[PDB]
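Just the one chain here, the form solved without its partner chain, laid out as structure tokens.
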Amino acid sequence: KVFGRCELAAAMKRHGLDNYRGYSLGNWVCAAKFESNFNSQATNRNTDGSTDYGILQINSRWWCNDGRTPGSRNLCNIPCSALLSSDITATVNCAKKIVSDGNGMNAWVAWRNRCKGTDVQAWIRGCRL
């Protein structure tokens, strides 16, 4: 499913991401924009052999099981394919474990390089929330 900017903002809000760990809603929407272009079906393989999945490009090396990442840890206790659904629930739950983990949203390279320290509020501008 390719989400709309405001549609995604609303679902993430409903799922408790706003201000989660102190990150405002626009941070989450900005990251989704640059990680996957708002496409829940996005996949990208990495050089280490792991793969990133979904709107927030959660990595198979730590977070989910894809059956082809040797040494994967599966910290979110879920099949990576679950992160590709039109229902963002699994994505959101797993992302909450990631961001609590220590380096905050820096976990997401595109957030760090493209969102951090920018006016992220522009991302939820005009939405009915």
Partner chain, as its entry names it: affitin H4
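Residue numbers count along the first chain shown, from 1.
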Using only the Cα atoms and their B-factors as the entry lists them, report which of 67-75 and 88-96 averages higher. 67-75
Averaging C-alpha B-factors over each stretch, which comes out higher, 48-56 or 79-87? 79-87
Can you tell me whether residue 120 has a C-alpha B-factor in the lowest, middle or highest third compared with the other modelled residues of the same chain? highest
Would you mind checking where the Cα B-factor of residue 9 ranks among the modelled residues of its chain, as the lowest, middle or highest third? highest
Going by the CA temperature factor in the PDB record, which third of the chain does residue 24 belong to: lowest, middle or highest? middle
Residue 42 - Cα temperature factor, lowest/middle/highest third of chain: middle
